[PDB]
Each structure stands twice: as structure tokens, then as C-alpha cells.
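Inspection log for the structure reproduced underneath, given as C-alpha cells.
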Ligand SMILES: *[C@@H]1O[C@H](CO)[C@@H](O[C@@H]2O[C@H](CO)[C@@H](O[C@@H]3O[C@H](CO[C@H]4O[C@H](CO)[C@@H](O)[C@H](O)[C@@H]4O)[C@@H](O)[C@H](O[C@H]4O[C@H](CO)[C@@H](O)[C@H](O)[C@@H]4O[C@H]4O[C@H](CO)[C@@H](O)[C@H](O)[C@@H]4O)[C@@H]3O)[C@H](O)[C@H]2NC(C)=O)[C@H](O)[C@H]1NC(C)=O
Ligand SMILES: *[C@@H]1O[C@H](CO)[C@@H](O)[C@H](O)[C@H]1NC(C)=O
Ligand SMILES: *[C@@H]1O[C@H](CO)[C@@H](O)[C@H](O)[C@H]1NC(C)=O
Ligand SMILES: *[C@@H]1O[C@H](CO)[C@@H](O)[C@H](O)[C@H]1NC(C)=O
Ligand SMILES: *[C@@H]1O[C@H](CO)[C@@H](O)[C@H](O)[C@H]1NC(C)=O
């Protein structure tokens, strides 16, 4: 069925940069929103990013505003999450998550913005650590 | 001595042009407007009179052309226009149980009942009415004109319409079974209204027409001229079975307030290409009769070949027609493929929604999809062939299906009709002097 | 001995139908185009003439209905179209001196002259003109999902001025002057007239306003009383005055929605908001109902318990008295009138609802937005008839119940065209005589 | 011993009203609907016939005016409307070789063929067609009144002649008498089924391409003592006027939508110069002398006749307008009417305008698309529309200023020779006849 | 009397007032209704005039004909027709017999015209 | 002389061109306008023909009746009418008196009709 | 025989069927054309009737005028013209000489009218 | 932010024993909440959506209930493959929130 696979994780220097990639399969990547969630060891999950099907309306969490940059390539059916100015607490297991439904139907300015979505499909999760 | 005398009401007529009114017994052609036809159409046979007819110079065909175009244009005005539909269409192929790669699945944004809200919908569009703008496509009509969505409540059934001349005019019907198309007719009759003329729209094959009386008839303005289309009329009908087993699903998309756009939702079941079946035995004997009649004009001991269309637009290179609302474009290369000296044929067909009727531009039309499997049976009662010349004719002649305009198509029905203006006034000598 | 002779111009007529043109002394009916009626309408009596009339099979009512619809559509053709008005409305209750929550204050982003920008405007809409789509709340006009219609031109008035129907040459209009003549039957007193009397194209439901008056007594008409599905037309000999009004004192606001197009929105209400009502005298209505029940009893037989009840139910256009005067379309709840039973300075106040978007012709896909008008409305008129409907009644013949009816607008004008009928003049005639031609 | 006798087909007529039908030999002024003209008109002269003509109460001018209105309205219907063009305009003065800074280089976001995609384009608009909303932002004129309709490029504005003919049962009386002042009995009258070729020209303050007089300049008015009524002047000789704009605008085709295109004004090749008109000083001087000579007969001798420019108002009446080539001119004619009379060429500055209201109507604006190449409009003046200003004979000086405000006066100078009448074939007269029983 | 005033009067009394009836036989919605009505009236009048012309009674309100009166149409004499009856019931009783009479009148007029031409030819 | 060419000529000479004067009497908006003008001309011609028809002058351009000419209408001599005055001046002189003449001719033709019918019946 | 049935028959014999031919003289796409055709037929019929009227042959199917036939129009015997030739051939033979005959008929009727007027006036 | 609290943080139960997990919301979120299950090392799987609708293909033993601010998941019988981490996500209003995470261990 639908399967999401990640890569690009690894050791990174504090204050440096890194990039994450998640490949989608089993569904039409150009019709479902994408989101990023991280799980730091010892505490619960914390949502950090999201993007629509068309690549616009990039909305992040206040704790990662500006530093991170979510982007997608519909042609290659892949998602990317550029990281800049990394810190120590950013060490976490990152999961790429696909919303429950498509973006079809009524919409105000961005397809799917008027619909409640939940992360039906999730990726295995890649542990990223930032230490010297 | 002789004196002139005025006679009123003499049976004298002169050729003239007039506007004949329609007559007939929820359809594109106005039915309520046409006056009810007489249940007992009178036909007076005239004896000892021969009239000269001319199918090519007949004004009835031109008037019918203008009336059909006018009715078609006015039939689209009271319903939905697809002007906002021109938008960037993200489209991909349809590979769910398919054997033909034409059909495409397009998604796009559209307006809704509210002006401040949009909607992302999808529709299945054929490759013929979709052109790539660069996985990005757009409609072929966006750079030409905004098509007007055909009314769904009206039917495209070609109901027969009788053309009746007004008072003071009469219609002469040539009953000569061997009419050659032009020239003197030794047997004419006066009729107030013509027979049922079904306005069937087709190219390269005259469907649901009038059959000949004795044998296959070939008519042409100039047999020796290659630029003049050769009309053929069959004495027996060649049954044709056309179908679309796709079983399309219609979905109403609220394009705007009070107006809806009918789109092709999904194709349930195996997708198969549309086609038409024609019995090869009947077609073989029919072509034999046609070549036998052709040899009468082109002489004997000449090989006659039947080849497909040379080239051009899809409307002229393929047998276009309407069947159950859907507009078909069938490739007739399998029929006109043979040479004459001394089981069923399946014709691949394609369907297009965005069409440009009457060979005009700027006034395109969008045929909405029809639910269910489409299937229809027609009678191939004629042909429109085009002959190509050669050096000293090289003892051979090649005929190809001619995609002539609609006047040639409608001329096959009005070949035995002509309008004449009555002239009741007449003066002749007689031996009588008016009393002072 | 006897030879046939031809006579031209004989006084002979035959029943037929034709296109009767208008005649009168801007308006939606476009009365300016009608031919100027003569100041002395000729009317010739026909002694010893009896003709059979039929109000139900009369073609003049159908022709008038078609013509009225065509004129109304033509009148709305050059007016502004409110198609961009379909947007998400942020409505809130107008809790400012109200005694009812039937009015709402909505705000929305409407287009302007320059299509590259929008303007924030607000207007007041009645509860009947908006529907929730899920303390502000999203709303939508009821005609958005059905059909976007135009706005009635303010300069064009809806005053039902009378229009005279005339037949062309070779045709004649037979006016039945015989009093007490019911719906169908021979008329022992016929008179030919070139044009009909001034017929006011009044639009109303369940009651006839500004109509014709009965000659002597209240007249009850129907195809046959035995059929419960056939409407009953009643005509009053003495009319009852009816006074309708809305003391809200509405205000108009012109919004430049586009180049050359303006939307006449409803501004803020000045003063105290009061429900639109309508009054009818108690004594006059009681005596009128007495005459009506007397005639009904005469037709159905004495000792019949006649009862009057309000409308059973259905659409708002048929369950309420629809008005058309001044510019606003009222819907009065007539339950207070038909609330009496009969055996063997006070006034009745009828609550009325005002609706802007209307579908008066019972059609789907074509509506009309009536813009608000300045000042208070004082619509004084008089009732001259009713449209009643009798229920099944079952085998209990001892009592009968009547409720207001509708569903067919032609009945409104049918009460005015019951005296006329068009016929074809047959001037050719043949009769025997002893004369013959001479060679 | 007299009995009445009925005569049919009597040659008697009377004034009446009727709907005359057009006739003529891609034209807004006259379409193919008009029936072909008569190659040999039946100019039948009527001896010993005297009819009371009147050009002011004539209904032919109003009827033809209504007809022209109908043609102009219907001609714009089969082509593109400029309703989405009313948007904010970022205009900047053109300074690439200029004297006259009246042109504005505007830019805006126009919708392309696809509804979901925009297009940034630029077009040159005259300052008369734009109005400030910020000093950088502008808006096209008439956007707050109606959506102008772009003129169909297929149809031209060339005034082809129009032959007005009366229907069956009616007749048209042509006043052949010379020196006819437009009112009163006409000693020489001739009947004709179709009027002469009337050029449907539109102009203000001066008449162009009209019919010249017979022997001398003619002054016509309801009554000279009233100033509220205009004065129509007809010249005996034509006064050649040359008009042209040195700038050859470039046409840019911008696809506003599916099957719709907006012809914007592109960059000007070479230097930019103001449009103008020329009129020979000698011809205009002698023409004004003849006009003054004719006016002296009506106002008496030893009177000072003065000429002054228009008083004031909108540009439609205060300037002289043309309709030729495609561009709508508005020329300041103050250089012509700047002289006084006791007892090499004149150059008239001119302006161009695209958004116009020809018939002075409200809500029926039109956009004139630009035309390629330098346009030359050579024509000749054949009349004037003057207005007199004065008081209770305070001084022996009468001042005349050009006028307008009524487009029918333009055709009034051409239809003054005709008058439609209704034939009355029935007649009765006494005779010594009696039917035998 | 006026238009249709003699409808109830007897046939004899109604024969003197045939001229008034003869004289009386001749925005966009009202425009087309008026034009259509005028055209219909003109066509009806012309049809009646042509029918009278082909019978030899053109320009005559009352005319005699050489077509004998067949008793099959009505077994009644002039006493109760011209003195105790109106034109209305008379037409009702002859609703269908008019076509045969019309045909007879047509053939009689044509034969009479040919005979008159021949008679003029001998002289 | 041509159509309407004898307007200025005397009555004696103008009566010679009655045939020419009588023979010359016969987008969607423009189409309706043309149809209105055509039907108007047809209606005028048919009204004139109907007036002549009701009178005893159907099908005759020059026709004299039995209605006496009252001196009130005009006491002028015939020589100074037919050989000195034109038809136009004559129309402007008795323009208001035409209605009375029309009515007198109407009753006269009706009386002649009934007289002819009675004379043919007594045969 | 029906409408135009005697078209192929020779002249004279077809003259007995003139009435059958004479009786036959009388959305928006099918409406405006119908109205136009009706009005066209009306004007054609009225033009024919006007020609017959000016020639003094109003209401006469077989009219005989006192105009001398010119042999230059057709050099053939009367018997051959009637018994061995049709009306179509006859129209085709004199298709160009009809205008002069029409004008001659008009002037002759005018002369007849003035002669009749003088005869009644002098008597 | 609409913080979410899940309890108990850990629970030990035997095979076939009923298990109940509850989680509250700091503000009313009506019923827009979905539950999940993350096995050790594998990606999470959706179990309940709309807080009451059962996800297609998941066994019928899982059941969700609750409304407003309090929601709860019930397991009628703990099967040998049911031990894993469970989460509860709120999606009534962004930003999304998740529970602290509860692990079920065999007794
Ligand atoms: C219904 O309407 C919505 C709008 O309401 C519409 O969504 C829009 O879709 C279009 C494409 O159809 C999007 O256009 C793209 O815009 C970006 C702008 O850059 C954004 O992203 C970058 C990187 O994330 C950010 O840095 C930046 O700040 C912006 O957020 C362009 O970069 C895209 O360029 C692509 O197309 C070019 C065509 O020439 C290519 O040359 C170019 O290489 C790009 O292609 C690749 O790049 C994208 C990013 O990697 C990738 O997503 C592409 O698939 C491809 O691999 C392009 O112009 C627009 O942003 C959308 N807007 C919103 C608000 O979502 C829906 O598409 C419409 N519905 C339908 C059915 O069409
Ligand atoms: C018959 O038609 C042919 C053309 O198809 C033509 O060449 C021939 O002359 C015609 N014969 C006639 C008119 O008798
Ligand atoms: C007119 O255009 C041509 C080229 O199109 C250019 O050579 C010429 O300079 C232009 N005219 C002027 C006056 O600049
Ligand atoms: C003839 O007329 C007389 C009246 O004079 C009447 O009594 C008789 O019945 C009539 N007979 C017929 C056969 O009509
Ligand atoms: C006009 O009047 C003169 C006066 O002598 C006369 O001779 C002439 O005949 C009249 N008519 C015409 C048409 O010239």
C-alpha cells in the first residue's frame, strides 16, 4: 500500500545545516498535503512543519519558524525539509506524515485548507542528532 | 382580326427564390415553431410537361444551410456557457483497465456557487480536445473561443422536417426514377411540402438518407473535374452498428450560481475504444454496384481503386457524425481499401467533446457526456467521393472519401425538388372586341 | 325557382382564438407601447342575442398570462444582474429595538468598480432571503444555489395601471352584460365591444385586490362544486378595505459593485423596528363572510355547517397573501380571517413578512430581487374576491370546510375576463332567393 | 344639375409621418441590410407646384438620428467588451522626445486566456482617458459610469453615402429652388423616390464632406432674433482642411480572454509630436468675408460682426471633432474664430482621445483602438454651426461663437431640401354625370 | 345600429346594414402582437375578397347567382327564413354544406365567363 | 409626364395620369421595421379599395355617382374648376366636407344594391 | 385535376381550370420567415389584382379587351395557338413583349373611361 | 496552543485483559481526534478516526469514545500483537498536538 521512506538524517554540527528527504509511494503525491513531526527522546511528539499539495502555504511551528524550510517536488514525488542553524534539543526521530484525505472539494484560497486533516500514514522515522 | 385577352390564373411558373417555411408532425431543431404538417400531403402529377432541374444551382440547399446554422446557434443560447472553464489543467494518463492510451484524467480549480470560494475537481477528458501548454494541459478552445455547453434537456435527434413553399409558389418534384441530377425531367409533380428531410450531419457517408428507386445513382456537376465532389446514392442500405461500451458516468459540477458543468466522472468497467461494424458482404456487393455504375461514365476496361482520405483536419479525414448525443469520428480506411479490375469490418472510432460544427471557428461547442453504453444503428445510403487525376488518366482512377461541406450532404435529399413562382397573369389573342 | 345568393358582411360569428393587442390611455408591462385607447369606447348592445360563455375554456386568460410573463421578463432584461453578490455573508441579529428576530445584519466583501480590489460593505437582509451554511455566522442567499437573478430597476414602478385588451379587425369581443351569470352558461344579454374594460394586472394570492365588483350580490364560481380539486372563485358586491404597512422606515444605500452597476442595499433602520402588518375591518369582513356563507349554503343546500380554516400548508407563496405595491413584496398570514364557523371599529391585524428575493410565477431558475424603498409604506387597497378550496369532507355531508387556495395565477385574471370572449366574424353567407343573373 | 364624381389616383398629397427605408450602393454607418440604390433616380419635376417646406419641424432628421443610433449600438455588439480592463493603472509620463507631455505610459495586470493566470502588460493612454485615484495610481475614464466596448476592427468608420427612400404610398419632395433659407414656400419642387447620397458624417462646430450651396453662402436659423437657437451656415465653395498626427502608433494584441483581444497602444517609433490641423488663411478669410456679407443682410448694415471661440463646457462641444481613419480627434478651433469685421496657413492644435461618448449618452462609452501608420485626413469644410451672443442692443456689435449640443443639426444641413408626404389618391368633384338604374 | 347590431334581428332586417360590418372587417411584445394581428386581418379580408371575386360578385354586397338551390340542404321556404330567423342559426344549419355550394359557385362562374367570352366572340 | 407629374396641371389634364398614380401606390429590428412599412402601405391601399368597394365605384378609376352636389360644398362653375384649378387647391378647399360625401355615397350604393336585387328578383 | 394539373395540357382546355390556380394564390427562425413570406404573397396577389383593376378586368378570370393584336408578337394561326401549344410555351414566346402589351391595356382602359364619362355627361 | 494530556503513561496487563487509555484536551475540540499505534521501531498506524469511527481493516476489538475535552480508547481483549505505544492526536484547530505516549507491557 501507501509507503513513505526517509533519508538524509545523520550527525550535524551545532548551528550548521542539514536536509531531510521523504519519498512517497502508493498514492498520488500531487493531491495530498505533507507534514513533519519530530519526537525528541523522553517526551511526547511535537509537530513542526506542513505544506499543501501544490507546494505553497508553508506553515511551521513557532519553535522552528525561519530556521526550517519545508519543500516538495511533485515531479519526483519527494518531500524535503531543509534545516539551518541547528541546536542541541533538535535531536529527535523525524517522521514524515501524510494527511488523511485529498485536497479535492471546496476551498477558500489553498486546496484542502477548509478541511480537518489527521496524519493517517507515517514514515518509519529517522533519528537526527546535533552534537559536537 | 385578333384582339388581346387577359387570362388570370393560368398554370404558368417561372424560376425564383423564396423563403420556404418548415413543417413537422426537446430537440435542437425548433418543433413548436414549425407549423403542423398536413396529414394528407397533396401531390399532383403533371403530364406532358418536362421541367429542367439543377441540383447544384438549387437555392433550397443554401436556405436549409442558413436555417440549420441559425437553429443550431439559437439552440445553445438559453443554457450554460463555459467561459470560466479555461484554467490550467493538471492531467495524467488513465491506466485503469485500458487498451487505448488516449483518455486523460485532469484535475483543476473551479468556481462554486459563491464568488469567494473555489473548488478542486477532476474530469476525464479525451486527448483530442486537450493540448499540452508546456504534466500541464489546457483545452484546445481556450486560444480560439469559449465554448457554450450544450443544453442537456435538448436532444440531437434529427427529426424529419418538411419544407413548404408559401402562397403563390409551388414545389416541383421530379419523379423520374433515373434522375441524373440536372437537366430536363420528363415527369414532374406539384407538392405543397417536401418529404421528410432528416437533417443528419455527417461526412464521407450519408447516414439515414433516402435510397434510390432502381439502382445506384452517381451525380456530379462535372465528371471530368477533379475539384467537384461525386455524390453517390445506394439503392439498398448498408447497415452500420456504432457503439461506445465505456458506460461513462456524469457528474454535475457547480461552475457558478445556477449553472452546472457536466463532467465525465469515472469509467466503470473495462475501457474499450469506440467502433463501428459494417458487414463485409453487403459492403462488397455495394462497392461492386458503385464501381459498375462508375464504369458507365468512365468507360470499360479501366481499373478503379478505392483509397482512404489524402489528409487534412479530423473532420474531413474521418467519418464524423452524431450518435446518441456523442459525436463520433470514425476512421473509414478499412472500407475504402480495394481495387477493381475488368464477417464484419470493424472501423476504429474516436470521440471528441469540444467540436466546431459547420466548419466555422470562434463558435465551438462542448457536448456533455451521456451515461450508459451508447449504441446506434444507421443506414449508409450514400457516399461523397473525390477523384484524383493523372497523366492521360493512366488507365486508372482513384476515389477517396470526400469531406465536403454540409451543403453536399443536404443536397442528396433535395435533388428532386425545386421552387417555382406562379405567374397567373397571361395575355393571348382571341377573336372578341369589348363592348363599349 | 330558387337560386342561391351570396351575402357579404352578414352578422355571423364563430368561436376562435387570436392575439389581442393592448390599448391604454416606466412600467414592467410597458404600457407606453400600447396604442392610445379612444376616449369613447364603443359598445353596441345585441338584442335577442344569447351566447354561450366559458371562463375556464377561455383563451384570453392563457394569452394574458403568457403576455404578462413575457413583459416581466423583458422588463428585467436591461436591469443590473446580481451574480457577483453570491458570497459568504457574516450575518448577525439586529438586536436594536426589535420585537422579532426576523431581520439580519450581514457583512461581506463585495466587488467594486476596479475588479482588482474588493470593498467591505454591509446590508440588512430578511430571514427569508438568507439561509445558514454553517456571534456572527456564515450565511448565503437562497437563490445562490438555485439561480443568480437580476435586481428590479428602481426607476421602473410596479403600479398595476389598467390595460385594455382589444381584438383586431375581423374579430369581435363579446361582453356578457347579463347579471347573475355564473362561470359557464348561455348569456341572454350580449354586447359587442372593441376593447375590454381596464383590467389591472394585480398580482396577489388567496385574495383578489383592486378587482372588479359584482353587479348585485356575491358570486360563487367553479367548474362544478362536486369536485374538491377545482378552485372556487368568489366575487364581492361590497368590497372590504385593507390597509397594509411597515413602520420600519427603511433606508437605501447605493453600492458601486462594478462599472455602471450598483446594488441598492438596505441601510440601517431609523427609529423603532416594528413588524410589518396589515389591517382589515372586523364588521365589514364579518358581513362579507355572511354573504359568502349565504351563497355557499344556497349552492350546497341549507342546514349545512360551513366552516372556514386557514391554509393547510406548503410553499410560502401559496400559504400567505402575497402583495405587490410600492416595491416591497409582503406575505400576510391570513389565519385571522378564515377562522370562523357558521351554523344554520375593531380591526383584524394580519402579520406580514417582507421578502426581497421572489419566485412569484412559481418558476424555478428565474427570480427577482426587489430593492428597498425610502420612507414608510401605506398601501391602501380593497378586497373584491377570494380563491377558496374545499377539502374532501368525507361522507359527512352535514358540514363543509373551506381554506384559501392558489397554485394557478391565471385564476387571478380569470375573475376579470369572465365577461369577454373573442370570436371570428364570418361575413360570407349563402341563402336562397328567387333572383338570378342576366346574360 | 351637379353630381359628385369619385376620382381615384388623384395627384394630391399632404404632410404625414412614415418610416423611410435606407438604400445604398464592414461599415458601421451603413450595413448590407440596406437594399441596393436606384441606378437611375426618377427626378420628376413638378411645374406650377408650390409647397411650404420647413427643415426645423421635419421628422426626417429625428428618424435618421434614431437609425444612426441603432446602427452604432448594433455594430459594437458582435465584438469584445472591455469590462475587465477597469483596474488600477501605474502610469508614468512619457519623456522619450516630447513637447506635449499629454501621453501616459500605464502598466497593469491583465487576465490572460486562462482565468487562473495573470499577465503584466503596458499601454499608452492619453491623459484625457485616465484620472488619478496616490499620484502613481490611475484609473481609466468612464470606469465609474459603464464598461466601454472596444470597436470591432473588421468594421470601418468610413461614411459611405446613404440614400433615404420613402415606402409605397408616400413620396419625397425635393426643393430645387436656389437661395432657399430652409422655411417657406418653394417655387421649384420635384418629386424623387430616393434622396441624394447623404454622407453620415459626425462633426462639431464645423460641417465636413457636406453638400455645397448653389450660388452663395446661406444663413439658416429658426429666427435670428433668438439666441437659444443655433445658426446653420452653408458655404458656396469648400474650405480645404488637412489634419494629421505625425505619430504612428504601434498596435499590441493582448489576449484578455478566450477568443477576445485588446488592441493596446505600443511604443511610438521615432519622436513623438502633437496632432494638428491646417486651413489656408486666404480661403478662410474670404469665406469669413462671405459669411459676414450674408449675415449683414439679416442683421442690417453698419454692424460690427465679431467671431470668438467657444464659451465653455465639456470637450465634446468646446472642440471640433472628426471621425476618419479610426482615431477620434478633438481640435481647438480658436485660431479660426479670432477676428472682427468693421463696416500662410492657420495651424489648429488638436488632441486625440480613445474613450468617447459620441452621442453624448451616459453609460454607452466606446474604446477606439489604435491604428498603424501615419494617418492623413484631407477633407473640406462646407458649413458651420454658430451661436449668437448679445443683449438688448446695448452696442452695435454682435459676437458669434461656434456651437453644438445637438448632433441632429449636422444632418439638418443635408435634409433641408427634402420633405416626405403622403399621397391621397381618393378625390371628389362635381360633374354632369349620373348612374343609370 | 352599429357593428353587429343586427345580430339578433331577422335576416331581412339585417340585410340593409351589411356595410358597417364590411367597413369594420379591415414594447417588443405588443409590437409583434400588433403586427401579427394586422397581417392576420389583412389575410382574412383578402381571402374573403378573392373568394367573392372568383364567383363573379366582386365589389357587390348582394349578388345573384345561377346555381340552383338544392332542397337537400334545407326543406324550407323563404317565408320562415327571411321573416322568422336570424343569420346565426342559419349558418349553424349550414355548417358543412357551404363547401359544396362554394364549389358549385366556382364552376358556375367559370362556365359563365367562358360562355360570355364565346357569346362576345360570335357577335 | 411621369409619376405625380400632373400635380400642377389642371384637372382635365391631371385626370390622364390616374393610372400611373394608382399603380405606384404599391437585423431583426430592421426586418420588423420593413415589414411594418410594407403592411402599412398594404393597409392604406386596401382601405382605399374597400372604400371604393362599398361605394358603387369598385374597379373604376373615374366613377360618377347619383348623389347630388349641394351648393353649400361649392357654388363655383365647372369651367373654372376643371380648366382653371388644380386638384391640390381643390383638396384644400373641401378638405372638411369629404366625410359627408363619403357617408352619402355609402347609403346611395346600399340603396342601389337593394333596388337591383328587387328588380332581378321580380323577373 | 388539382392545382397546376392542366399545366402540361394545351391552351383553351386549361382555361377551364383557372379557378383552382387562383384560389391557391393566397423559434424566431421559423416565425419571421413565415411572416415575411405571408406578406410577400399578399403584395404579389395585390399587385396582380391592381394590374387587372387598372386594365378594367377586375374580378374577371377571362377578360376580353378592345385592343388590336399585333401580328409581330407571334406569326402563327389562332387554331395552332389554342389546340397544339401550351401556356408555358406561350409565355416563353412573348416573355419580352408583355410590357408593351401591359401599357397598351392601361392606356386603352383610360380611353374607355374618358369615353364613358363623356357619354354619360353629354347625355 | 491546545495542549493534550494522556493518562496513564504506562500500563501493564495480561493477554486478553481489557485495557482503557484516556486523554483530555486543554480546550474543547468537539470530536476531531484520532488515535494511533506505534510498534517498537515501526511506523505508527491509525486505529480510530473522528474519535468514534473505526478505521477500515483494523480489528473490531479497538473502540473509541468520548467528546468535548475527554476522550478514551478501549481494548476488549489484549492480543499478543497489541503491545505497543499508543497516541491521541487533536486536529480541531492548528497547530496539531499529540499525547505524551503510553506503552503497554505484558504482565
Ligand atoms: C489551485 O490553485 C492553487 C493556488 O491557490 C494552485 O497551487 C499552485 O500551484 C502552482 C503549480 O501549479 C505552484 O507554482 C509553483 O510555485 C513555486 C513558487 O516557489 C514556492 O516554492 C519554493 C520552494 O518550495 C519556495 O522557495 C518559494 O518561496 C515558494 O513557496 C515555483 O517554484 C514552482 O516552479 C515550478 O514550476 C516551474 C515551471 O516553469 C519549473 O521551472 C520549476 O522547476 C518548478 O517545478 C518544480 O518545483 C517545485 C518546487 O520544487 C515542485 O513543487 C514542482 O512540482 C516541480 O518539481 C511553481 O511555479 C504554486 O506555488 C501553488 N500555489 C499554492 C498557494 O499552493 C493549484 O495548483 C491549483 N490546482 C490545480 C489542480 O492546478
Ligand atoms: C448527367 O450528369 C453528368 C454529370 O454527372 C453530365 O455530364 C451529363 O451531361 C448529364 N446528362 C444529362 C444532363 O442529360
Ligand atoms: C513610422 O513607422 C516607421 C516604421 O514603421 C518608421 O520608420 C517611422 O519613423 C515612423 N514615423 C515617424 C514619424 O517616426
Ligand atoms: C312554405 O311556407 C308556408 C308559409 O307560407 C309554410 O306554412 C309551409 O310549411 C312551407 N313549406 C315548405 C315546404 O317549406
Ligand atoms: C402651368 O401653367 C402654365 C401657364 O401658362 C400652363 O401653360 C401649363 O400648362 C401649366 N402646367 C405645366 C405642367 O406646366
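Chains as they are written, first to last, in the entry's author numbering: chain H, 1 to 52, 52A, 53 to 82, 82A to 82C, 83 to 100, 100A to 100O, 101 to 113; chain E, 33 to 57, 66 to 136, 148 to 184, 186, 189 to 309, 312 to 323, 323A, 324 to 396, 405, 412 to 505; chain I, 33 to 57, 66 to 135, 147 to 185, 187 to 309, 312 to 323, 323A, 324 to 397, 406, 412 to 505; chain A, 33 to 57, 66 to 139, 151 to 184, 187 to 309, 312 to 323, 323A, 324 to 396, 405, 412 to 505; chain J, 520 to 545, 568 to 664; chain B, 520 to 545, 568 to 664; chain F, 520 to 545, 568 to 664; chain L, 1 to 107. All residues carry an ideal CB built from backbone N, CA and C; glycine is no exception.
Just to confirm the assignment, what range does the alpha helix (DSSP H) spanning residue 227 (chain I) have? Per DSSP, residue 227 (chain I) belongs to no alpha helix (DSSP H); it is in the beta strand (DSSP E), 223-228.
Give me every residue whose Cβ sits closer than 6 Å to any heavy atom of ligand 5, in chain order. A:87, A:88, B:527 and B:528
Enumerate in chain order the residues of its own chain whose CB-to-CB distance from residue 328 (chain A) is below 6 Å, with the five nearest sequence positions on each side excluded. 151
Going by the CB atoms, is the gap between residue 415 (chain A) and residue 295 (chain A) shorter than 8 Å? no
Counting only the same chain and skipping the five closest in sequence on each side, list residues whose C-beta sits under 6 Å from that of residue 51 (chain H). 34, 57, 69 and 71
Give me the Cα-Cα distance between residue 541 (chain B) and residue 474 (chain I), rounded to the nearest whole angstrom. 55 Å
Can you find the residues in the same chain that come closer than 6 Å, C-beta to C-beta, to residue 452 (chain I), ignoring five residues on each side of it along the sequence? 259 and 286
With H, G and I counted as helix, E and B as strand and the rest as coil, what does DSSP make of residue 495 (chain A)? strand
According to the Cβ coordinates, are residue 155 (chain E) and residue 163 (chain E) closer than 8 Å? no
Residue-chain proximity (residue 124 (chain I), chain E), Cβ-Cβ < 8 Å: yes
Nearest to residue 491 (chain A) (by Cα), restricted to the options A:97, A:128, A:225 and A:172: A:225
If you reduce the DSSP assignment to three classes, tell me which class residue 530 (chain B) lands in. helix
Nearest-angstrom Cα separation, counted from residue 345 (chain A) out to residue 390 (chain A): 13 Å
CA-CA distance, residue 428 (chain E) and residue 384 (chain E)? 14 Å
Could you check the C-alpha separation between residue 116 (chain E) and residue 68 (chain E) for me, to the nearest Å? 9 Å
When the cut-off is 8 Å and only beta carbons count, does residue 166 (chain I) lie next to chain A? yes
Excluding the 5 residues flanking residue 39 (chain I) on each side, which residues of the same chain have their C-beta closer than 7 Å to its C-beta? 495 and 497
Could you name the residues whose beta carbon sits closer than 6 Å to any heavy atom belonging to ligand 2, keeping them in chain order? E:234, E:235, E:236, E:237, E:273, E:274 and E:277
Start and end residues, beta strand (DSSP E) containing residue 46 (chain E): 45-47
Report all residues for which the CB-ligand distance to some heavy atom of ligand 4 is below 7 Å; order them along the chain. J:616, J:617, J:618, J:620 and J:621
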